[PDB]
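Visitor: One structure is given below, represented as structure tokens, and several questions about it will come after.
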Amino acid sequence: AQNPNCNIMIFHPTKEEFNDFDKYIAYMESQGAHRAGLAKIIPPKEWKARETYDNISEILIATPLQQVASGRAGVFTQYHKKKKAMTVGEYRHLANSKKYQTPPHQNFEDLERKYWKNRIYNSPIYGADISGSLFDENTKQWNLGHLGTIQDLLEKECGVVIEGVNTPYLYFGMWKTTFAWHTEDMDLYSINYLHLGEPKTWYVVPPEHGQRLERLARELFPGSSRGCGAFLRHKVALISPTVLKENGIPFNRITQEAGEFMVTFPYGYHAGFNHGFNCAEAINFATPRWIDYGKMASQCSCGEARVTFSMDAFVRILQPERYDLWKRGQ
Ligand SMILES: Cc1csc(CNc2cnccc2C(=O)O)c1
Ligand SMILES: [Co+2]
Ligand SMILES: [Zn+2]
């Protein structure tokens with residue numbers, strides 16, 4: 001067995017190896033990368049996503065979300081309060097203001113300490129889930145807007161044609177903006193490129209130990225658990241590394257910097273936070289190995305989870321028994 005300790009692996013493809021996405025994901029898995037639930041990929045030194053980021057200020061953040069915390073420093077939920085629209089230019093200026101700017105700190109470790117100690121006492125604003133892309137159309141390799149669709153993967157593997165399209169999203173972040181503990185919709189893979197700005201710290205639980213985290217979550221968030229049998233899909237719960245360690249949950253951490261890709265693997269629970277103003281782009285994807293995870297993925301049927309048009313068909317084909325009750329909830 002490759003990577004038995006489930007360590008987060010970091011890859012440095014050559015430009016030749018960077019020319020076939022599916023092949024390289026398969027290679028990473030041949031080295032056991034998926035066992036961690038998350039891998040970093042540093043692109044070839046000659047590669048770039050686009051020429052410059054000089055003309056991105058006019059992008060609109062239609063619904064910025066203020067992330068309000070409730071609970072204890074190391075165990076809390078967050079809810080998203082909708083705010084008025086603003087451009088990326090206005091958002092960047094807000095992120096850099098005295099109220100929201102990254103505080104003085106010695107290094108990544110000091111900032112992480114400050115995050116977990118102080119996160120709940122501030123409500124940062126996140127420009128999340130914005131449909132669009134910052135990859136240049138002429139960028140041929142690892143262009144997140146030119147990946148094969150999950151619908152085409154499902155068709156190629158199962159022989160059924162289905163409706164739906166698969167497009168990327170942009171995430172404009174600031175200090176303390178937070179992504180809660182979750183796996184992807186249908187336990188798909190995700191790929192995340194940090195286009196610009198300050199880093200993004202990630203925490204991840206190995207897929208083979210995902211149920212340990214779920215068990216702990218049920219204990220730490222008893223109300224949320226009773227209301228929905230798959231409440232982590234609401235993407236509201238945070239649990240600090242100190243609390244994970246106290247409860248024996250196996251996990252790893254890694255910081256992603258601008259110009260680097262992260263891939264999350266099927267049923268790899270992850271969470272994290274932004275260090276300061278940044279912009280990331282992400283999309284879900286699938287491989288042949290995902291299919292069996294899709295068939296087993298838990299569903300939120302209480303209506304709280306954000307349901308996309310594309311998800312209907314994946315539940316319909318892969319989880320026909322769940323389809324009726326799931327459709328009632330959403
Ligand atoms: C509405 C909303 C708030 S946080 C979120 C999901 N974000 C992520 C999910 N998986 C990985 C990384 C991120 C991220 O933020 O980089 C959606
Ligand atoms: Co994710
Ligand atoms: Zn639910």
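Just remember, in the structure tokens the first chain shown is A, the second B, etc., residues are 1-based per chain, and ligands are 1-based in the order shown.
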List as a Markdown table every residue of chain A that is in contact with ligand 2, defined as an atom at most 10 Å from one of its atoms (using only C-alpha atoms and all ligand atoms), together with the nearest atom pair and the distance in Å rounded to one decimal, sorted by chain and then rising number.
Guide:
```
| residue | atom | partner | partner_atom_place_in_ligand_line | distance |
| --- | --- | --- | --- | --- |
| A:179 | CA | ligand 2 | 1 (Co) | 7.8 |
| A:180 | CA | ligand 2 | 1 (Co) | 8.8 |
| A:181 | CA | ligand 2 | 1 (Co) | 8.5 |
| A:182 | CA | ligand 2 | 1 (Co) | 6.5 |
| A:183 | CA | ligand 2 | 1 (Co) | 6.1 |
| A:184 | CA | ligand 2 | 1 (Co) | 5.4 |
| A:185 | CA | ligand 2 | 1 (Co) | 8.6 |
| A:187 | CA | ligand 2 | 1 (Co) | 9.7 |
| A:188 | CA | ligand 2 | 1 (Co) | 9.3 |
| A:189 | CA | ligand 2 | 1 (Co) | 8.5 |
| A:190 | CA | ligand 2 | 1 (Co) | 6.4 |
| A:191 | CA | ligand 2 | 1 (Co) | 8.5 |
| A:192 | CA | ligand 2 | 1 (Co) | 8.5 |
| A:235 | CA | ligand 2 | 1 (Co) | 9.4 |
| A:263 | CA | ligand 2 | 1 (Co) | 9.3 |
| A:264 | CA | ligand 2 | 1 (Co) | 7.2 |
| A:265 | CA | ligand 2 | 1 (Co) | 9.6 |
| A:268 | CA | ligand 2 | 1 (Co) | 9.0 |
| A:269 | CA | ligand 2 | 1 (Co) | 8.1 |
| A:270 | CA | ligand 2 | 1 (Co) | 6.6 |
| A:271 | CA | ligand 2 | 1 (Co) | 7.6 |
| A:272 | CA | ligand 2 | 1 (Co) | 9.6 |
| A:282 | CA | ligand 2 | 1 (Co) | 8.5 |
| A:283 | CA | ligand 2 | 1 (Co) | 9.1 |
| A:284 | CA | ligand 2 | 1 (Co) | 8.5 |
```
Visitor: Could those selected residues go to a file with N, CA, C and O atoms, as a CSV table (one decimal), in the first residue's frame?
Guide:
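The result, written out as again_37.csv:
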```
chain,number,residue,atom,x,y,z
A,179,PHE,N,-13.9,28.2,5.3
A,179,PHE,CA,-14.7,27.2,4.7
A,179,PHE,C,-14.8,26.0,5.8
A,179,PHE,O,-13.8,25.5,6.3
A,180,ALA,N,-16.1,25.7,6.0
A,180,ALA,CA,-16.4,24.7,7.1
A,180,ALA,C,-16.1,23.3,6.6
A,180,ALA,O,-15.8,23.0,5.5
A,181,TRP,N,-16.1,22.4,7.6
A,181,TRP,CA,-15.8,21.0,7.4
A,181,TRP,C,-16.9,20.4,6.4
A,181,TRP,O,-18.1,20.4,6.7
A,182,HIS,N,-16.4,19.8,5.3
A,182,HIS,CA,-17.3,19.2,4.3
A,182,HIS,C,-16.6,18.3,3.4
A,182,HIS,O,-15.4,18.3,3.2
A,183,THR,N,-17.3,17.4,2.7
A,183,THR,CA,-16.9,16.7,1.5
A,183,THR,C,-17.6,17.4,0.3
A,183,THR,O,-18.6,18.1,0.6
A,184,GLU,N,-17.2,17.1,-0.9
A,184,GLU,CA,-17.9,17.7,-2.1
A,184,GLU,C,-19.2,17.1,-2.3
A,184,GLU,O,-19.6,16.0,-1.7
A,185,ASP,N,-20.1,17.8,-3.0
A,185,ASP,CA,-21.4,17.3,-3.4
A,185,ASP,C,-21.1,15.9,-4.1
A,185,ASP,O,-20.2,15.8,-4.9
A,187,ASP,N,-19.7,13.5,-3.0
A,187,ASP,CA,-18.3,13.1,-2.7
A,187,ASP,C,-17.4,13.1,-4.0
A,187,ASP,O,-16.5,12.2,-4.1
A,188,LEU,N,-17.6,14.1,-4.8
A,188,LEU,CA,-16.8,14.3,-6.0
A,188,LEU,C,-15.4,14.8,-5.6
A,188,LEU,O,-15.1,15.1,-4.5
A,189,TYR,N,-14.5,14.8,-6.6
A,189,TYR,CA,-13.2,15.5,-6.4
A,189,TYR,C,-13.4,17.0,-6.6
A,189,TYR,O,-14.4,17.4,-7.1
A,190,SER,N,-12.5,17.7,-6.1
A,190,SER,CA,-12.4,19.2,-6.4
A,190,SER,C,-11.0,19.6,-6.8
A,190,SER,O,-10.0,18.9,-6.3
A,191,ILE,N,-10.9,20.6,-7.6
A,191,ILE,CA,-9.5,21.1,-7.9
A,191,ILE,C,-9.7,22.7,-7.7
A,191,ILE,O,-10.6,23.3,-8.1
A,192,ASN,N,-8.7,23.2,-7.0
A,192,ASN,CA,-8.7,24.6,-6.5
A,192,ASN,C,-7.3,25.2,-6.9
A,192,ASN,O,-6.3,24.7,-6.6
A,235,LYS,N,-22.4,22.9,5.5
A,235,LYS,CA,-21.1,23.6,5.4
A,235,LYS,C,-21.1,24.7,6.5
A,235,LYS,O,-20.9,25.9,6.1
A,263,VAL,N,-5.9,19.6,-4.9
A,263,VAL,CA,-6.9,18.6,-5.3
A,263,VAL,C,-7.5,17.9,-4.1
A,263,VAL,O,-6.7,17.4,-3.3
A,264,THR,N,-8.8,17.9,-3.9
A,264,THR,CA,-9.4,17.1,-2.8
A,264,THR,C,-10.0,15.9,-3.5
A,264,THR,O,-10.5,15.9,-4.6
A,265,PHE,N,-9.9,14.8,-2.8
A,265,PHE,CA,-10.3,13.5,-3.3
A,265,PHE,C,-11.6,13.1,-2.7
A,265,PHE,O,-12.0,13.6,-1.7
A,268,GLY,N,-13.0,13.1,1.1
A,268,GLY,CA,-11.9,13.7,1.9
A,268,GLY,C,-12.5,15.0,2.6
A,268,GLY,O,-12.6,16.0,1.9
A,269,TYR,N,-12.9,14.9,3.9
A,269,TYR,CA,-13.4,16.1,4.6
A,269,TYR,C,-12.3,17.1,4.7
A,269,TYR,O,-11.1,16.8,5.0
A,270,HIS,N,-12.6,18.4,4.4
A,270,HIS,CA,-11.6,19.4,4.5
A,270,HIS,C,-12.3,20.7,5.0
A,270,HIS,O,-13.5,20.9,4.9
A,271,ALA,N,-11.4,21.6,5.5
A,271,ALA,CA,-11.9,22.9,6.1
A,271,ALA,C,-10.6,23.8,6.0
A,271,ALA,O,-9.5,23.3,5.8
A,272,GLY,N,-10.8,25.1,6.2
A,272,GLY,CA,-9.7,26.0,6.2
A,272,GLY,C,-10.0,27.4,6.3
A,272,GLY,O,-11.2,27.8,6.5
A,282,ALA,N,-12.2,27.3,-8.4
A,282,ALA,CA,-12.4,25.9,-8.1
A,282,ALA,C,-13.5,25.3,-9.0
A,282,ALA,O,-14.4,26.0,-9.4
A,283,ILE,N,-13.4,24.0,-9.2
A,283,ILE,CA,-14.5,23.2,-9.9
A,283,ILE,C,-14.5,21.8,-9.4
A,283,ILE,O,-13.4,21.3,-9.0
A,284,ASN,N,-15.6,21.1,-9.4
A,284,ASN,CA,-15.7,19.7,-9.2
A,284,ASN,C,-15.3,18.9,-10.4
A,284,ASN,O,-15.6,19.4,-11.5
```
Visitor: Please, which residues in chain A fall within 9 Å of ligand 3 when counting only C-alpha atoms and all ligand atoms, and what is the closest atom pair and distance in Å to one decimal for each, ordered by chain then residue number, as a Markdown table?
Guide:
```
| residue | atom | partner | partner_atom_place_in_ligand_line | distance |
| --- | --- | --- | --- | --- |
| A:224 | CA | ligand 3 | 1 (Zn) | 8.6 |
| A:225 | CA | ligand 3 | 1 (Zn) | 8.9 |
| A:227 | CA | ligand 3 | 1 (Zn) | 7.0 |
| A:228 | CA | ligand 3 | 1 (Zn) | 4.5 |
| A:229 | CA | ligand 3 | 1 (Zn) | 6.8 |
| A:230 | CA | ligand 3 | 1 (Zn) | 5.8 |
| A:231 | CA | ligand 3 | 1 (Zn) | 4.8 |
| A:232 | CA | ligand 3 | 1 (Zn) | 7.9 |
| A:233 | CA | ligand 3 | 1 (Zn) | 6.6 |
| A:234 | CA | ligand 3 | 1 (Zn) | 6.2 |
| A:299 | CA | ligand 3 | 1 (Zn) | 7.7 |
| A:300 | CA | ligand 3 | 1 (Zn) | 4.0 |
| A:301 | CA | ligand 3 | 1 (Zn) | 5.4 |
| A:302 | CA | ligand 3 | 1 (Zn) | 4.2 |
| A:303 | CA | ligand 3 | 1 (Zn) | 5.7 |
| A:304 | CA | ligand 3 | 1 (Zn) | 4.9 |
| A:305 | CA | ligand 3 | 1 (Zn) | 5.5 |
| A:329 | CA | ligand 3 | 1 (Zn) | 8.5 |
```
Visitor: When you draw a straight line from CA of residue 66 (chain A) to CA of residue 202 (chain A), how long is it in Å?
Guide: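 These atoms are spaced 20.3 Å apart.
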Visitor: Name each residue within 6 Å of ligand 1, counting only C-alpha atoms and all ligand atoms, as a PyMOL selection string.
Guide: chain A and resi 128-129+178-179
Visitor: Take CA of residue 142 (chain A) and CA of residue 88 (chain A) and report the distance between them in Å, one decimal.
Guide: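 CA of residue 88 (chain A) lies at a distance of 24.3 Å from CA of residue 142 (chain A).
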Visitor: Need the shell around residue 64 (chain A): protein/DNA/RNA residues with any atom at most 6 Å away, counting only C-alpha atoms. Skip same-chain ones fewer than 6 positions apart. Format as a PDB file with N, CA, C and O atoms, in the first residue's frame?
Guide:
```
ATOM      1  N   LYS A  83     -24.894  40.517   2.154  1.00  0.00           N
ATOM      2  CA  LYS A  83     -24.540  41.930   2.146  1.00  0.00           C
ATOM      3  C   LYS A  83     -24.777  42.485   0.756  1.00  0.00           C
ATOM      4  O   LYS A  83     -24.999  41.724  -0.188  1.00  0.00           O
ATOM      5  N   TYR A 126     -16.939  37.198   2.801  1.00  0.00           N
ATOM      6  CA  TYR A 126     -16.405  36.290   1.782  1.00  0.00           C
ATOM      7  C   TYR A 126     -17.183  36.461   0.482  1.00  0.00           C
ATOM      8  O   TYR A 126     -18.408  36.406   0.480  1.00  0.00           O
ATOM      9  N   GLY A 127     -16.464  36.692  -0.613  1.00  0.00           N
ATOM     10  CA  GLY A 127     -17.056  36.680  -1.945  1.00  0.00           C
ATOM     11  C   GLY A 127     -16.965  35.280  -2.517  1.00  0.00           C
ATOM     12  O   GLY A 127     -16.111  35.000  -3.350  1.00  0.00           O
TER      13      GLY A 127
END
```
Visitor: Which neighbours of residue 199 (chain A) fall inside 9 Å, counting only C-alpha atoms, when residues of the same chain fewer than 3 positions from it are skipped, and could you give them as a ChimeraX atom specification?
Guide: /A:194,196,255-258,273-278
Visitor: Near region 23-31 of chain A, within 12 Å and counting only C-alpha atoms, which residues show up once chain neighbours fewer than 4 positions away are dropped, as a compact mmCIF listing (two decimals) with N, CA and C atoms, in the first residue's frame?
Guide:
```
# COMPACT_ATOMS: atom_id res chain seq x y z
N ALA A 1 0.84 -1.23 0.00
CA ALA A 1 0.00 0.00 0.00
C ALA A 1 0.86 1.26 0.00
N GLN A 2 0.57 2.18 -0.91
CA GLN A 2 1.30 3.44 -0.99
C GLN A 2 0.72 4.43 0.00
N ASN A 3 1.59 5.23 0.62
CA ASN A 3 1.17 6.29 1.55
C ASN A 3 0.25 5.78 2.67
N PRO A 4 0.70 4.76 3.43
CA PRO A 4 -0.11 4.19 4.50
C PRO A 4 -0.42 5.15 5.66
N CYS A 6 -1.15 8.18 5.27
CA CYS A 6 -2.08 9.17 4.71
C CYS A 6 -1.55 10.63 4.75
N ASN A 7 -0.27 10.80 4.42
CA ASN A 7 0.35 12.13 4.37
C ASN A 7 -0.10 12.91 3.13
N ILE A 8 -0.28 14.22 3.28
CA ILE A 8 -0.55 15.09 2.14
C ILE A 8 0.71 15.14 1.27
N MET A 9 0.57 14.73 0.01
CA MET A 9 1.68 14.70 -0.92
C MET A 9 1.70 15.94 -1.81
N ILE A 10 2.91 16.36 -2.18
CA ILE A 10 3.14 17.54 -3.00
C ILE A 10 3.81 17.09 -4.29
N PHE A 11 3.26 17.48 -5.44
CA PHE A 11 3.77 17.04 -6.75
C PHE A 11 4.33 18.20 -7.57
N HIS A 12 5.38 17.91 -8.34
CA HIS A 12 6.04 18.88 -9.20
C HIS A 12 6.11 18.36 -10.63
N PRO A 13 4.98 18.36 -11.37
CA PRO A 13 5.01 17.85 -12.74
C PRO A 13 5.89 18.68 -13.68
N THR A 14 6.53 18.00 -14.63
CA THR A 14 7.18 18.67 -15.75
C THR A 14 6.09 19.16 -16.69
N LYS A 15 6.44 20.07 -17.59
CA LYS A 15 5.48 20.54 -18.59
C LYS A 15 4.92 19.39 -19.46
N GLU A 16 5.71 18.34 -19.65
CA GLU A 16 5.27 17.17 -20.41
C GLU A 16 4.22 16.38 -19.63
N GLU A 17 4.47 16.20 -18.33
CA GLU A 17 3.52 15.53 -17.44
C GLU A 17 2.27 16.38 -17.18
N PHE A 18 2.39 17.70 -17.35
CA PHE A 18 1.28 18.63 -17.12
C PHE A 18 0.33 18.70 -18.32
N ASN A 19 0.60 17.91 -19.36
CA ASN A 19 -0.14 17.96 -20.61
C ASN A 19 -1.33 17.00 -20.69
N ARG A 35 -5.03 8.95 -0.46
CA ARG A 35 -5.23 8.46 0.91
C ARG A 35 -5.25 9.59 1.94
N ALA A 36 -4.59 10.70 1.64
CA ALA A 36 -4.63 11.89 2.52
C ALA A 36 -5.94 12.66 2.42
N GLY A 37 -6.61 12.57 1.27
CA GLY A 37 -7.82 13.34 1.00
C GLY A 37 -7.55 14.66 0.30
N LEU A 38 -6.27 15.00 0.16
CA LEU A 38 -5.85 16.29 -0.39
C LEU A 38 -4.41 16.18 -0.89
N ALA A 39 -4.12 16.79 -2.04
CA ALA A 39 -2.77 16.85 -2.58
C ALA A 39 -2.49 18.25 -3.13
N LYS A 40 -1.23 18.68 -3.04
CA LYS A 40 -0.78 19.93 -3.66
C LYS A 40 -0.07 19.63 -4.97
N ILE A 41 -0.34 20.43 -5.99
CA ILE A 41 0.36 20.34 -7.27
C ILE A 41 0.95 21.70 -7.61
N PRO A 43 2.63 23.82 -10.40
CA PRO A 43 2.76 23.77 -11.86
C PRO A 43 4.20 23.92 -12.34
N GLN A 141 -3.25 24.00 -20.59
CA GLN A 141 -3.05 22.99 -19.57
C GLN A 141 -3.71 23.38 -18.24
N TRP A 142 -4.44 22.44 -17.64
CA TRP A 142 -5.01 22.60 -16.30
C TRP A 142 -5.84 23.89 -16.21
N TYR A 189 -14.48 14.79 -6.60
CA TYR A 189 -13.20 15.46 -6.43
C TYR A 189 -13.44 16.96 -6.57
N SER A 190 -12.48 17.75 -6.10
CA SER A 190 -12.42 19.17 -6.42
C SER A 190 -11.00 19.55 -6.76
N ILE A 191 -10.85 20.56 -7.61
CA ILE A 191 -9.55 21.14 -7.89
C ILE A 191 -9.65 22.65 -7.66
N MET A 262 -4.60 22.79 -5.49
CA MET A 262 -4.94 21.75 -4.53
C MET A 262 -6.03 20.87 -5.13
N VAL A 263 -5.91 19.56 -4.94
CA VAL A 263 -6.94 18.61 -5.33
C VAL A 263 -7.47 17.92 -4.08
N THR A 264 -8.79 17.94 -3.89
CA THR A 264 -9.42 17.14 -2.85
C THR A 264 -9.98 15.88 -3.49
N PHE A 265 -9.89 14.77 -2.78
CA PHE A 265 -10.28 13.47 -3.30
C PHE A 265 -11.61 13.05 -2.70
N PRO A 266 -12.32 12.12 -3.37
CA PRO A 266 -13.64 11.68 -2.93
C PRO A 266 -13.71 11.31 -1.45
N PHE A 285 -14.77 17.73 -10.23
CA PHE A 285 -14.54 16.82 -11.34
C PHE A 285 -14.67 15.37 -10.88
N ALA A 286 -14.67 14.45 -11.84
CA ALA A 286 -14.84 13.03 -11.58
C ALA A 286 -13.85 12.20 -12.39
N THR A 287 -13.57 11.00 -11.89
CA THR A 287 -12.78 10.00 -12.59
C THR A 287 -13.54 8.68 -12.48
N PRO A 288 -13.09 7.64 -13.21
CA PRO A 288 -13.71 6.32 -13.02
C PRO A 288 -13.79 5.89 -11.56
N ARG A 289 -12.75 6.16 -10.78
CA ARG A 289 -12.70 5.76 -9.36
C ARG A 289 -13.76 6.46 -8.50
N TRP A 290 -14.19 7.65 -8.90
CA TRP A 290 -15.25 8.35 -8.16
C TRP A 290 -16.60 7.62 -8.15
```
Visitor: Would you mind telling me which residue in A:62, A:69, A:311, A:204 lies nearest to residue 165 (chain A) when using only C-alpha atoms?
Guide: A:311
Visitor: In Å to one decimal, how far is CA of residue 306 (chain A) from CA of residue 157 (chain A)?
Guide: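 For CA of residue 157 (chain A) relative to CA of residue 306 (chain A), the distance reads 26.5 Å.
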Visitor: Which one of A:212, A:321, A:65, A:226 sits closest to residue 247 (chain A) if you count only C-alpha atoms?
Guide: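 Among the listed residues, the smallest separation from residue 247 (chain A) belongs to A:212.
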Visitor: With DSSP run on the backbone, what are the alpha helix (DSSP H) residues within region 116-321 of chain A? I'd like them as a ChimeraX atom specification.
Guide: /A:116-118,150-158,210-220,222-227,241-246,290-296,311-318,320-321
Visitor: Output N, CA and C atoms for every residue in that selection, as a compact mmCIF listing (two decimals), in the first residue's frame.
Guide:
```txt
# COMPACT_ATOMS: atom_id res chain seq x y z
N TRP A 116 -7.44 30.56 15.20
CA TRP A 116 -8.24 29.71 16.08
C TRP A 116 -8.56 30.37 17.42
N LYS A 117 -7.66 31.21 17.92
CA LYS A 117 -7.91 31.95 19.15
C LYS A 117 -8.98 33.03 18.96
N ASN A 118 -8.94 33.72 17.82
CA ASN A 118 -9.72 34.96 17.61
C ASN A 118 -10.83 34.92 16.55
N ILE A 150 -18.44 16.35 -15.55
CA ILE A 150 -18.80 15.19 -14.76
C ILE A 150 -19.91 14.42 -15.48
N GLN A 151 -20.76 15.14 -16.20
CA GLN A 151 -21.82 14.52 -16.99
C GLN A 151 -21.24 13.61 -18.06
N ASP A 152 -20.18 14.07 -18.73
CA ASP A 152 -19.52 13.26 -19.75
C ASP A 152 -18.78 12.07 -19.13
N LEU A 153 -18.22 12.25 -17.94
CA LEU A 153 -17.59 11.14 -17.22
C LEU A 153 -18.63 10.07 -16.86
N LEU A 154 -19.77 10.51 -16.32
CA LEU A 154 -20.83 9.58 -15.91
C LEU A 154 -21.35 8.80 -17.12
N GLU A 155 -21.53 9.51 -18.22
CA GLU A 155 -21.94 8.91 -19.49
C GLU A 155 -20.93 7.89 -19.99
N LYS A 156 -19.65 8.25 -19.95
CA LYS A 156 -18.58 7.36 -20.41
C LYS A 156 -18.46 6.10 -19.54
N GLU A 157 -18.74 6.21 -18.25
CA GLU A 157 -18.62 5.08 -17.33
C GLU A 157 -19.88 4.22 -17.23
N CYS A 158 -21.05 4.86 -17.27
CA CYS A 158 -22.32 4.18 -17.02
C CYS A 158 -23.21 4.05 -18.26
N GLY A 210 -13.12 9.09 7.49
CA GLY A 210 -14.14 10.13 7.44
C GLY A 210 -15.24 9.97 8.47
N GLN A 211 -15.64 8.73 8.73
CA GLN A 211 -16.70 8.45 9.70
C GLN A 211 -16.30 8.77 11.15
N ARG A 212 -15.01 8.78 11.45
CA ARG A 212 -14.54 9.23 12.77
C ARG A 212 -14.85 10.71 12.98
N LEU A 213 -14.63 11.52 11.95
CA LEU A 213 -14.95 12.94 12.01
C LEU A 213 -16.45 13.13 12.14
N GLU A 214 -17.22 12.35 11.39
CA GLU A 214 -18.69 12.45 11.44
C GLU A 214 -19.21 12.13 12.85
N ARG A 215 -18.66 11.09 13.45
CA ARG A 215 -18.99 10.68 14.81
C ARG A 215 -18.71 11.81 15.81
N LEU A 216 -17.54 12.42 15.69
CA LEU A 216 -17.16 13.53 16.57
C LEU A 216 -18.09 14.71 16.35
N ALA A 217 -18.41 14.99 15.09
CA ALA A 217 -19.31 16.10 14.75
C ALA A 217 -20.69 15.92 15.41
N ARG A 218 -21.24 14.71 15.34
CA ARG A 218 -22.53 14.42 15.97
C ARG A 218 -22.48 14.73 17.46
N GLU A 219 -21.36 14.41 18.09
CA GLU A 219 -21.18 14.69 19.51
C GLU A 219 -21.03 16.19 19.79
N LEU A 220 -20.26 16.89 18.97
CA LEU A 220 -19.96 18.32 19.21
C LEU A 220 -21.08 19.28 18.79
N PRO A 222 -24.78 18.53 18.69
CA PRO A 222 -25.92 17.62 18.87
C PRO A 222 -27.24 18.10 18.24
N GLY A 223 -27.51 19.40 18.31
CA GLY A 223 -28.70 19.96 17.69
C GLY A 223 -28.71 19.81 16.18
N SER A 224 -27.61 20.22 15.54
CA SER A 224 -27.45 20.11 14.08
C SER A 224 -27.59 18.67 13.58
N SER A 225 -27.04 17.74 14.35
CA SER A 225 -27.10 16.32 14.02
C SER A 225 -28.53 15.77 13.99
N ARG A 226 -29.34 16.14 14.99
CA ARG A 226 -30.73 15.68 15.07
C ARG A 226 -31.60 16.22 13.93
N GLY A 227 -31.39 17.48 13.56
CA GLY A 227 -32.14 18.10 12.46
C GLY A 227 -31.86 17.53 11.08
N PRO A 241 -7.87 22.20 15.01
CA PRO A 241 -6.92 21.08 15.10
C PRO A 241 -6.65 20.60 16.53
N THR A 242 -6.65 21.51 17.50
CA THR A 242 -6.46 21.15 18.90
C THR A 242 -7.57 20.21 19.39
N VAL A 243 -8.82 20.50 19.00
CA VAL A 243 -9.96 19.68 19.39
C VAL A 243 -9.93 18.33 18.66
N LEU A 244 -9.57 18.34 17.38
CA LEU A 244 -9.40 17.08 16.64
C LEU A 244 -8.38 16.17 17.32
N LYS A 245 -7.25 16.76 17.71
CA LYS A 245 -6.16 16.04 18.35
C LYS A 245 -6.61 15.46 19.70
N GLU A 246 -7.30 16.27 20.49
CA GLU A 246 -7.87 15.83 21.78
C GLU A 246 -8.77 14.60 21.63
N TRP A 290 -14.19 7.65 -8.90
CA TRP A 290 -15.25 8.35 -8.16
C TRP A 290 -16.60 7.62 -8.15
N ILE A 291 -16.91 6.87 -9.20
CA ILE A 291 -18.28 6.36 -9.37
C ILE A 291 -18.81 5.67 -8.10
N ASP A 292 -18.03 4.75 -7.55
CA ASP A 292 -18.45 4.02 -6.35
C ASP A 292 -18.66 4.91 -5.12
N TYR A 293 -17.89 6.00 -5.01
CA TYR A 293 -18.11 7.00 -3.96
C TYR A 293 -19.43 7.74 -4.19
N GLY A 294 -19.69 8.14 -5.42
CA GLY A 294 -20.97 8.75 -5.78
C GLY A 294 -22.19 7.92 -5.37
N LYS A 295 -22.10 6.61 -5.56
CA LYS A 295 -23.17 5.69 -5.19
C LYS A 295 -23.43 5.63 -3.69
N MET A 296 -22.41 5.92 -2.88
CA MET A 296 -22.49 5.79 -1.43
C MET A 296 -22.59 7.12 -0.69
N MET A 311 -26.95 18.34 -9.69
CA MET A 311 -27.01 17.25 -8.70
C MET A 311 -28.19 16.30 -8.90
N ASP A 312 -29.31 16.81 -9.41
CA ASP A 312 -30.52 15.99 -9.62
C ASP A 312 -30.19 14.69 -10.33
N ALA A 313 -29.49 14.80 -11.45
CA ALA A 313 -29.24 13.65 -12.31
C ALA A 313 -28.29 12.67 -11.66
N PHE A 314 -27.32 13.18 -10.90
CA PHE A 314 -26.37 12.29 -10.24
C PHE A 314 -27.05 11.44 -9.18
N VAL A 315 -27.97 12.04 -8.42
CA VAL A 315 -28.74 11.28 -7.43
C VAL A 315 -29.71 10.34 -8.15
N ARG A 316 -30.36 10.84 -9.20
CA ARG A 316 -31.33 10.06 -9.96
C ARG A 316 -30.75 8.73 -10.50
N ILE A 317 -29.57 8.81 -11.10
CA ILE A 317 -28.94 7.64 -11.72
C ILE A 317 -28.18 6.79 -10.71
N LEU A 318 -27.37 7.42 -9.87
CA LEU A 318 -26.53 6.68 -8.93
C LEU A 318 -27.23 6.26 -7.65
N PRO A 320 -30.97 5.91 -7.06
CA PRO A 320 -32.40 5.92 -7.36
C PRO A 320 -33.30 5.75 -6.13
N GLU A 321 -32.89 4.91 -5.18
CA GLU A 321 -33.67 4.70 -3.95
C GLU A 321 -33.81 5.98 -3.11
```
Visitor: Write out as an mmCIF file with C-alpha atoms, in the first residue's frame the set of residues from region 49-151 of chain A that DSSP, computed on the backbone, places in strand (DSSP E or B).
Guide:
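Result file part_11.cif:
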```cif
data_model
loop_
_atom_site.group_PDB
_atom_site.id
_atom_site.type_symbol
_atom_site.label_atom_id
_atom_site.label_comp_id
_atom_site.auth_asym_id
_atom_site.auth_seq_id
_atom_site.Cartn_x
_atom_site.Cartn_y
_atom_site.Cartn_z
ATOM 1 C CA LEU A 60 -19.017 41.937 -9.417
ATOM 2 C CA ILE A 61 -19.503 40.156 -6.114
ATOM 3 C CA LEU A 65 -21.439 36.866 2.642
ATOM 4 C CA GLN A 66 -20.586 37.949 6.181
ATOM 5 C CA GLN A 67 -19.574 34.848 8.133
ATOM 6 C CA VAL A 68 -20.978 35.155 11.659
ATOM 7 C CA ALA A 69 -19.740 32.649 14.250
ATOM 8 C CA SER A 70 -21.534 31.004 17.188
ATOM 9 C CA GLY A 71 -20.025 28.686 19.811
ATOM 10 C CA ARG A 72 -16.562 28.293 21.334
ATOM 11 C CA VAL A 75 -15.921 24.440 18.169
ATOM 12 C CA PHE A 76 -18.331 26.742 16.359
ATOM 13 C CA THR A 77 -20.824 27.071 13.547
ATOM 14 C CA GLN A 78 -21.056 29.966 11.105
ATOM 15 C CA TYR A 79 -24.001 31.469 9.252
ATOM 16 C CA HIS A 80 -23.836 33.627 6.133
ATOM 17 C CA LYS A 81 -25.453 37.030 6.298
ATOM 18 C CA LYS A 82 -26.064 38.521 2.859
ATOM 19 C CA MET A 86 -19.632 45.247 -4.428
ATOM 20 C CA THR A 87 -16.919 45.011 -7.069
ATOM 21 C CA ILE A 125 -16.898 38.957 4.480
ATOM 22 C CA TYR A 126 -16.405 36.290 1.782
ATOM 23 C CA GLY A 127 -17.056 36.680 -1.945
ATOM 24 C CA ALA A 128 -17.819 32.981 -2.409
ATOM 25 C CA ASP A 129 -19.370 30.794 -5.133
ATOM 26 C CA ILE A 130 -19.163 33.327 -7.969
ATOM 27 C CA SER A 131 -19.750 31.659 -11.331
#
```
